[PDB]
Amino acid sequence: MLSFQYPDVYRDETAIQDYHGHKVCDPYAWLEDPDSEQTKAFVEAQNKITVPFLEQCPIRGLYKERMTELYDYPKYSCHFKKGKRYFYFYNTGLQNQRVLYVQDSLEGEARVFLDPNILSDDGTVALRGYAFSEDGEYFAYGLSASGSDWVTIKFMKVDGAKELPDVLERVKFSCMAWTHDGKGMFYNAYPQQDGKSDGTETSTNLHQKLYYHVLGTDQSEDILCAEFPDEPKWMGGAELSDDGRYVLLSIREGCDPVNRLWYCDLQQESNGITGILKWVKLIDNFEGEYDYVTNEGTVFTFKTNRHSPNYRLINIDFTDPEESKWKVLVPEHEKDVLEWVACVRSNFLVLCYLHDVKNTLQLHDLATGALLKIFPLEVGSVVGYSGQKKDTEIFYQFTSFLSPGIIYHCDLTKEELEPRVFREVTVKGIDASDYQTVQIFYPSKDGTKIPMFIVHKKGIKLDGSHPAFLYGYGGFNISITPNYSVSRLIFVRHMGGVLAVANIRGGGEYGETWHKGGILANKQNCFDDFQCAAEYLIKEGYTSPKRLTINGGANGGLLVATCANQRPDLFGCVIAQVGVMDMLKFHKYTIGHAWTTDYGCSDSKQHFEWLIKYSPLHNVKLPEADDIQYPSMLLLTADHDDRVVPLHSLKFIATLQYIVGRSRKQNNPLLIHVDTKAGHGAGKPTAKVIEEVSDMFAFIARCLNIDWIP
C-alpha cells in the first residue's frame, strides 16, 4: 500500500534544553519558524506524498460526491429581532458562507443584509462576531481572513444596508458592545507588534486593551477605558446592562470559568466616556464566574459557579454587595448543569440545563426564580436562542444526531406559553428511522462512570465486525452534546460504520468537578477515560482494534495523539486535527498562554513532571512487541491556524516519521496535510469543509480497506 517515501527532514541534534534537570532534545525546533525556506519546503514535501495517497482510491471522490449531495440542504439560524426588524442567517445549501437576512416583519419579504460570499472567490473571508446598536439602527461586524483569529471591525447603517467608513484594526478575542446613547461601541485591541499579524505568525498576544470607538471618527481617536499593564495576560470584556446604565467589565486570565467583575455607572462619569472609567471593583479576584443575566435597578442577577460547580443564579445588590448578603434566586441542582440563562419579556428567565448530556429548556419567574413552564424537547441539544429583555417572544433551535434541526417560536404575551414549530428541514437521502442513538455509561480505570453516545444502524449484530469512529475532546469545560453531522452519517450509511462520542473528564458535562477531573495533575484521566471508551466498544462487540478510528481536534487532537502513543494496539486509525502536540512549548505562542489553567506550564517543575509523561511530541516510541506497530495516522492543520500554531503538527509528524516511520514493521502510513488560507476551523468555507471530510474518510477507507456501500 505504501508506495511513497518519507521526506528528508534535518535533525538539529544540538537543540537541547534543560527542564529542571531533565534534558530535552527538540531536533525539529526549526519548524517553529513558519517563514523559513526550510519550513516551507517541509510542508510542500509532506503534502506531496499525502495528497496522492488520499486521492488514489475512488472512495474519496465517491465520498465527496455524496457529501456534496447530502450536505446540500437549506440551513437556517433562528430569527432574532433588533429594533423594528428581524434577522436570520441562511445558507441555501452549498454557499461558502451563510448569509445574514433582514425583514421588517415576520410576514415581510426578507432581503440580503450581509453576504460574506461576495468578499472572496473562495469564501475565506468570514464574519467573526457582531453587535447591533441598542435601537437596532446601526451594526458592527467583525471580518476574519483565511481563518485567522484576527478581526477587522466594520460598520453599517441598518436602514438601506449602508456601508460606513469606520474600520477598527488589531482586534482579537474581542467583546462588542454599544452604549445605549448610540454614540459608540466598546471593543478590545492589542498593541502594535513587529512582524506579521495575519494568522501566520506565532507571536504571543499580551496587553489586550479595552477601547471605546465613537461612530464617525478615526480609530486613532478611540478612548482607552481599561488596561492592565502589570498583568499582561488579563483580558477585560465589556457589556452594557439591559437598562444601559452600567458598563460591566468581565476580566479573565486563562481559560477557567472564572472572572473578576467590575462595573461603571455611566451616569457617574464626570463628562461621558473620556478616559479610564471610574470602575467599582465588585468582585476583584478570579475565584468564581459571574455571568450577567439582567438587573432591576441595583439588583443584578448573575449565573455563577461560586461554590456551586453545577451553576446557579444569584442576585447581588450593588448597594449591599458583601457575599453574605447575596440572594440565591435559583439554587444549584444536585447533578444537572445550568448551561445558560437569558432574560426575556422583562420578568421571565429562560434556563437551559444539561441533564446527562442532553438539553432541557424552561421558563422561570425573575422575581422568585419559580419554574413556570417546561418547553418539551426530544433528545438532543439547544444550539440557538433569541430573546432579550425587551423582546416579547423567543426563538430556539434544536438539533440531534439524526435530526438536522427544528427552530421553535413562542409568543410570550400569550397566557399559556406554548411553543410552535417555526422552521423544520429534513435531509432527503438519510432516513432517521433506520438508525438509533443509545447512551451508555462505562467505568473508567478508576471506576468513574463515563457517558458515551453510540449511533448506528438498527439491528446490527454486535460481532465486532463494524468499522467505528470514536470522537472525544475532554477539557476546557466544554460539553460534547448531540449535533447533526452529515459527514458522520455518510460513514454510517455508506461505510457501514458505528459512531461514538465519549463524554470524558475535563469537559463540562457534570459541571466544574467534571472539568477539574481532567486538568492539571489529572489530565491523564482524559486519556484513560478515552482508552476505556475504545475498550468498551471492542468488548461489547461494536468494533475491533483493526477497524477502530479515533478522532479529535485541538485539545481533542492532543487526546488522540496521546492515545496513539499510549495504546497503539487499540486503534487502527487516528485522525488528529489542529492538535496541541508540544506540551512543553504550547504556552509560548499566540494565545497558548491562556491554556495553562487546563494543562499547567513547563516553567514549574511540578507541572513539567505531569506534562512530560503525556506530551505527544515527547512520547513517540516504537512499541516493544514485534507484532505491534503504530496505527495509521493523519494530522490535519492549516497555515493560518493562529489558535494552535501549525508547528505543533509539523514537529509531531517529523518525529513520527523518523522514530516510527523508519522501522521495518511499520506499514501503516503517518501523514500530514497542511491547508492554505485556512485556520483553526471557525469560519471555514463550505468548499473546504467538504474537502476536509473527504480527506478524512478516504484515509480511513484506504487504511482499513473499507468498501463503499452505495
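Sequential numbering from 1, following the sequence displayed.
On average the C-alpha atoms of 478-486 have higher B-factors than those of the other stretch, with 478-486 and 507-515 being the two compared. On average the C-alpha atoms of 491-499 have higher B-factors than those of the other stretch, with 491-499 and 294-302 being the two compared. Note on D72, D284, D356, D528: the highest value goes to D72, judged by CA B factor as recorded. Annotation for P376, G387, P309, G369: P376 ranks highest, by Cα B-factor. Ranked within its chain, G199 lands in the middle third, by CA B factor from the PDB record. Among the modelled residues of its chain, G61 has a C-alpha B-factor that falls in the highest third according to the deposited record. In this PDB entry, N667 carries a Cα temperature factor that places it within the highest third of its chain's modelled residues. When the CA B factors of the chain's modelled residues are split into thirds, the value for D641 lands in the lowest one. Residue-level temperature factors show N47 in the middle third of its chain, judged at the C-alpha atom.
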